[PDB]
């Protein structure tokens, strides 16, 4: 776990991420990659600073998600091919096993998937919370209902109704260092008790 934190520091340096804004969609299911990348693509085209890391939940779907990215005409590099995030990279497909912590440790904001699909149900938001990443989930989070509600009650997690709202919320967070600082603070409160 902590090994991932220091590998993230090595990669932050080698990939020159200091002047990139890294947004991550984590543990995604269909049609979440299509919907969020479609909503985000105008910004990835207009603002080369942004880059989206995509971590699909199911490995059998990695090539499927590469095709989604390709069809959206987004420049996409792949962890499975030992690629890195280039200045040119718009989407980094993190198509490997066991490295979710590394990607969260590199992220400015994230979205935890399994939560915009139907029927959905959600995935564990504690991992990005612990790494101080502002976190968005969709409305279908019932497999983690207790924990997500503990965080909604303390204004510690952001709930999106659709893929457009995930992108709104992300762009707002990236523009609002004070709001994101307060969100990470409230998360740390819930996490401690």
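Residue numbers count along the first chain shown, from 1.
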Taking the mean of the C-alpha B-factors per stretch from the entry, tell me the winner out of 54-62 and 34-42. 34-42
For the stretches 156-164 and 23-31, which has the higher mean C-alpha B-factor as given in the deposited record? 156-164
Tell me, lowest, middle or highest third: where does the Cα B factor of residue 118 rank within its chain? highest
Tell me, lowest, middle or highest third: where does the Cα B factor of residue 90 rank within its chain? middle
Would the CA B-factor of residue 125 place it in the lowest, middle or highest third of its chain? lowest
Please place residue 72 in the lowest, middle or highest third of its chain by C-alpha B factor as given in the entry. highest
Using the B-factors in the PDB entry, rank residue 97's C-alpha atom against the chain and give the third, lowest, middle or highest. highest
